[PDB]
Amino acid sequence: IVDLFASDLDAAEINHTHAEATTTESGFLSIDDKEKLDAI
Amino acid sequence: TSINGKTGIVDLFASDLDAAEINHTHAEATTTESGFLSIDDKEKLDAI
Amino acid sequence: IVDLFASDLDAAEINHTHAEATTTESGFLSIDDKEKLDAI
Amino acid sequence: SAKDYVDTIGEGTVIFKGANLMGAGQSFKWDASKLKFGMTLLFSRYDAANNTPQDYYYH
Amino acid sequence: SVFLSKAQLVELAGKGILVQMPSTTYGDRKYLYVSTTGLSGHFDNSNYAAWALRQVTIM
Ligand SMILES: [Fe+3]
């Protein structure tokens, strides 16, 4: 009974996040960046 | 014998294994959770 | 004997990126946008 | 004979196996003598159009 | 506490069952394939490391 799953099959999960964007790599928008943009 | 309770001629997909598609969208970034940059935020950043 | 991955399963890889956010579509934050926000 | 009585109590008389939605009109009945310990109810997924017993996600 | 009976075992032998965790957020579904002969590991709850079994008792 080979119950395969995305965790061991290099597959991104349905409920998964991404790392915050940095000065060299893109990604999700950080909370601090959103707060600064809203304040400005 | 079986995969995730499926037997015989079975076609499994990303949602079948609780996985995301290639063209899948995430939750938009808010003040409490990280996510995709909203259109309004991008427009405000470009205008500033 | 067959091997399957996320790409073979029309699924997103665990180590995958996303399209940069534009004026019409959402996505990851670009490096230039992050630098401009930091400098502002 | 007492052991037989207790083990047929333990086995349980399955009154339904398969597929059923039991909306407004479908019900399952029993008898006051038939009730000794309780009932066991097992649920799983269905199909709105195919009406096939999806064989996973039990409870 | 979760309970599975003999009739439910026979109707579920060779099949799996998932349980929902009482918490403040939805998720933490533990899926395992228990049959009258034993247990088969559906390791989709390994990611759900926030909750795991403490014990199993045979009645
Ligand atoms: Fe993704």
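In terms of determination method and resolution, the entry is listed under cryo-EM at 3.28 Å.

Caption draft 1: Summary view of the overall build of chain D. For chain D, the helix and strand inventory stands at 1 helix and 0 strands. Taken over C-alpha atoms, the radius of gyration comes to 15 Å for chain D, far larger than the 10 Å a tight globule of 59 residues would show. Each principal axis of the C-alpha atoms in chain D carries an extent, and together these give about 50 × 25 × 15 Å. Looking at chain D as a whole, 7% of its 59 residues qualify as buried. Total accessible area on chain D is roughly 5,400 Å²; 59% of this is exposed by carbon and sulfur atoms.

Caption draft 2: Local environment of helix 1 (residues 31-39) of chain A. Three or more residues of helix 1 of chain A are buried, namely A:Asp33, A:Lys34 and A:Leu37. One side of helix 1 of chain A holds all its buried residues, which, seen down the axis, span an arc of 100°. In this structure, helix 1 of chain A carries A:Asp32 and A:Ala39 as exposed residues pointing more than 90 degrees from its buried face. Considering only its buried residues, helix 1 of chain A is in contact with helix 1 (39-47) of chain B together with helix 1 (31-39) of chain C. The opening residue of helix 1 of chain A is A:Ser30, an N-cap whose side-chain oxygen sits 3.5 Å from the backbone nitrogen of A:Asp32.

Caption draft 3: Looking closely at the pattern of salt bridges. Scanning the model with the defined rule gives 8 salt bridges over all chains in all. Among the ionic pairs, A:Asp33 bridges to C:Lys34, the shortest N-O distance being 3.0 Å. Of the two residues, A:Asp33 sits in helix 1 while C:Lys34 sits in helix 1, which places them in two different chains. Across the pair, C:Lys34 and A:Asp33 agree in class, each one buried. A salt bridge links B:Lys42 to B:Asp46; the shortest N-O distance between them is 2.7 Å. Of this pair, B:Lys42 and B:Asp46 both sit in helix 1, 4 residues apart, roughly one helical turn.

Caption draft 4: Region of interest: the coordination of the iron ion. Protein-derived coordination of the iron ion comes from A:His16 (NE2), A:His18 (NE2), B:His24 (NE2), B:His26 (NE2), C:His16 (NE2) and C:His18 (NE2), at a distance range of 2.3 to 2.7 Å. Coordination at the iron ion is octahedral: its 6 donor atoms span angles of 80 to 165° at the metal. In this pair, A:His18 is assigned in the segment before helix 1 and C:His18 in the segment before helix 1, connecting two distinct chains. A relative accessible area of 11% places A:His18 in the buried class.

Caption draft 5: Geometry of the packing of aromatic side chains. Tallied over the entire structure, the rule returns 7 aromatic pairs over all chains. Both rings, one in D:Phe16 and one in D:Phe28, keep their centres 5.2 Å apart while their planes meet at 35°; by these two values the pair is tilted. Taken together, the positions of D:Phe16 in the segment after helix 1 (2-11) and D:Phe28 in the segment after helix 1 put the pair 12 residues apart, joining distant regions of the chain. By relative accessible area, which is 37% here, D:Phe28 ends up partly exposed. Between D:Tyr56 and D:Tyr57 the ring centres are 5.9 Å apart and the planes differ by 85°, which places this aromatic pair in the edge-to-face class. Here the aromatic residues D:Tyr56, D:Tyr57, E:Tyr31 and E:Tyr33 are joined through ring pairs into a cluster of three or more. We note B:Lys6 situated over the ring of D:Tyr56; from NZ or CZ to the ring centre the distance is 6.0 Å.

Caption draft 6: Spatial organisation of the sheet that holds strand 3 (residues 38-40) of chain E. Residues and elements named next belong to chain E. An order of 1-2-3 is seen for the 3 strands of this open sheet, with the pairing classed as antiparallel. The sheet is open, and its two borders are formed by strand 1 (17-19) and strand 3, each paired with just one other strand. Taken pair by pair, the neighbouring strands of this sheet meet at an average axis angle of 40°, ignoring direction. The sheet contact formed by strand 2 (residues 30-35) and strand 3 spans 3 bridges and is antiparallel. Within the sheet, the bridge partner assigned to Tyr33 lies in strand 3 and is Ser40.

Rules used throughout
Residues numbered from 1 in each chain as written, not as in the entry; some residues may be left out. Chains lettered and ligands numbered in written order. Part of a larger assembly, values for the part shown. Heavy atoms only, no water. Helix = DSSP H or I, 4+ residues; strand = E, 2+ residues; numbered from the N terminus. Rg over C-alpha atoms; globule rule 2.2 N^0.38 Å. Buried < 20%, exposed > 50% of the residue type's maximum accessible area, 1.4 Å probe, protein only. Areas by Shrake-Rupley, 256 points an atom, 1.4 Å probe, with all protein chains shown as cover. Arc of directions from axis to C-beta. Contact = heavy atoms within 4.5 Å. Polar contact = N/O pair within 3.5 Å; in protein donor to acceptor, adjacent residues only side chain to side chain. Salt bridge = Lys/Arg side-chain N within 4 Å of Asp/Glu carboxyl O. Donors = N, O, S within 2.8 Å, 3.2 Å for Na, K, Ca; no water. Tetrahedral: all angles 85-135°; square planar, octahedral: opposite > 155°, others 65-115°. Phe/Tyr/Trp six-rings, centres within 6.5 Å; stacked < 30°, edge-to-face > 60°. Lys NZ or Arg CZ within 6 Å of the ring centre and 35° of its normal. Pairing = 2+ DSSP bridges. Axes fitted to C-alpha atoms, helices over the stretch in contact; angles between N-to-C directions.

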